[PDB]
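One chain comes next, on its own, written out as structure tokens in the form deposited in one PDB entry.
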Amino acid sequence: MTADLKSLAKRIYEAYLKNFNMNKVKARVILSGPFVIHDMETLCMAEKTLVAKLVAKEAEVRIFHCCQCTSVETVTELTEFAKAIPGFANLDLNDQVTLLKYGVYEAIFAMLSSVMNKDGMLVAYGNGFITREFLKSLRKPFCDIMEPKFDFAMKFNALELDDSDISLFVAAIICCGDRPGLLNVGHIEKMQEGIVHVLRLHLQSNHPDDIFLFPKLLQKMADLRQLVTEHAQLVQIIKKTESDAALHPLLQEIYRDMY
């Protein structure tokens, strides 16, 4: 790992720490000992303290709206982060849009793992914790949203990545040269090759104990693509069949023509 590649890995790590409100160290500090949402009573209490304006509709629909707000926010964070990736800001604007379009939910579900344990997830900028069992207790189809994400996260967390790894993994997610509709595939593939090269060398240095960590992470990227495809299908069912579950226009555009 040359000085330029080590420097690039650190540059991406610092951009991640700057641009995402939550990181794995911060999440672990909080989780070690947030208001616990484990039933309808505590959900309603948390709404009045953490999202007061929202309740100043069915609980499931209220949760869905709050989730959309966090997704919109995360799109902003990921867009700023992408500027630290060598060559991203030099791409055609349309290609930057396409890469973020397909990458954002893969990145969201990867980063969600940092705030998940087997019992639930940290939410609302670190100020709430919503139990996995409470989410399973919601009426269909809303109880079907988070469980596959918990399943992904438990195995992803067993890899014991830190933020220096996760930042590069998120950058690699964004730099996929095989997204549909790309204009300058050749330059993107070169951008992808560079980020993946940095990721491979970083994992060799930071995880000398796990000689297969790089191919494990390539597989996780493929798993995330499938998780997002399935997630988009469920969101389409909810939007179409739930008269009160309208989609924020920015998210409508992200999901539109995706899969």
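Note that residue numbering begins at 1 and tracks the sequence as displayed.
In what follows, reference is made to the form solved in complex with a partner chain, a form of this protein that is not presented.
Contact here is defined as any heavy atom lying within 4.5 Å of its partner chain in the bound PDB entry, and by that definition not a single one of 139, 232 and 239 is a contact residue. Listed residues 157, 131, 164, 96 were compared with its partner chain in the bound PDB entry; 96 is the one with a heavy atom within 4.5 Å.
Although the partner is absent here, residue 117 is not a contact residue: none of its heavy atoms lies within 4.5 angstroms of its partner chain in the bound PDB entry.
Under a 4.5 angstroms non-hydrogen atom cutoff, its partner chain in the bound PDB entry lacks residue 169 among its neighbouring residues. Proximity of residue 4 to its partner chain in the bound PDB entry: non-hydrogen atoms within 4.5 Å are absent; the residue sits far from the partner. Although the partner is absent here, residue 79 lies within 4.5 Å of its partner chain in the bound PDB entry, judged by heavy atoms.
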